Amino acid sequence: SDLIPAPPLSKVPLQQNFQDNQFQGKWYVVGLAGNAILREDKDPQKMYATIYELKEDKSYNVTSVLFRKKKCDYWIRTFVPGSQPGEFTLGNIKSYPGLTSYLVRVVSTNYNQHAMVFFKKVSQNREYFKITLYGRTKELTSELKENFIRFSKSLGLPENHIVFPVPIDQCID
Ligand SMILES: O=C(NCCCN(CCCCN(CCCNC(=O)c1cccc(=O)n1O)C(=O)c1cccc(=O)n1O)C(=O)c1cccc(=O)n1O)c1cccc(=O)n1O
Ligand SMILES: [Cf+3]
Ligand SMILES: [Cl-]
């Protein structure tokens, strides 16, 4: 395989004065961009949700809920606070096969409507990155959608690497 290079981290803003308590709760994935994200026209990606629960020790318990093969499935993982507020690493990284590196950075949010989060991982020696556009509801304005496209492009991703998952009612509500 070939891949679009991960951008340098200096091109990825960090949300100023991140407020971990305010960010918890359910977020819908209304946009998704990445070097392994690809528009499939015939089978469009379904919207999923991700729930952030802040723990006693200030890490997040993060649960994603998906509608796959007629059932809800739940992927749980831990985000451990990193170097600056709003950055995380993945907890228990040794329990993920082939995984050597994993970084999360909250790029911006207003907490009660929208967020943009950056992810970078190295698995089987390949460097993957993605940007997620989170919304407290399933719809978001054209202005936010365009802004996200603009941001995705600034990290080297073309239009065919950007997807807006289709809203669904099953599992995620
Ligand atoms: O390239 C990225 N993402 C787009 C492809 C997602 N996908 C297509 C859909 C898969 C369905 N699932 C996965 C849900 C279950 N979990 C996993 O099987 C998993 C295993 C090992 C490590 C890990 O971390 N996970 O999640 C999501 O829709 C889903 C929902 C919520 C959070 C989340 O993360 N995912 O993936 C891939 O499987 C894939 C294909 C090829 C390369 C690759 O890296 N991945 O992940 C990426 C770049 C940088 C950081 C990062 O976390 N990701 O995912
Ligand atoms: Cf992933
Ligand atoms: Cl996610």
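Residues numbered from 1 in each chain as written, not as in the entry; some residues may be left out. Chains lettered and ligands numbered in written order. Heavy atoms only, no water. Residues with missing side-chain atoms left out of burial classes, pairs and counts.

For this deposited structure, the header cites X-ray crystallography as the method used and 2.70 Å as the resolution.

Q: Is there a simple way to think about the UniProt feature "binding site: a carboxymycobactin" in the protein chain in this case?
A: Taking the numbering used here, the UniProt-annotated feature "binding site: a carboxymycobactin" corresponds to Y48, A49, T50, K121, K130 and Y134. Lining residues of the largest pocket drawn from the annotated list: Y48, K121 and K130. Looking at the secondary structure, you find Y48 in the loop between β1 (25–34) and β2 (49–54). Of the residues examined, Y48 reaches a relative accessible area of 12% and is grouped as buried. Structurally, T50 can be placed in strand β2. Take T50: its relative accessible area is 1%, and that puts it in the buried class. The contacts of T50, once residues within four sequence positions are left out, are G25, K26, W27, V29, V62, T63, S64, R77 and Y134. (UniProt positions renumbered as here; feature names shortened; annotations may be inferred. 1 Å grid on protein atoms, 1.4 Å probe; cavity = no way out; pocket = protein on both sides within 12 Å on 5 of 7 lines; lining within 4 Å. Helix = DSSP H or I, 4+ residues; strand = E, 2+ residues; numbered from the N terminus. Buried < 20%, exposed > 50% of the residue type's maximum accessible area, 1.4 Å probe, protein only. Contact = heavy atoms within 4.5 Å.)

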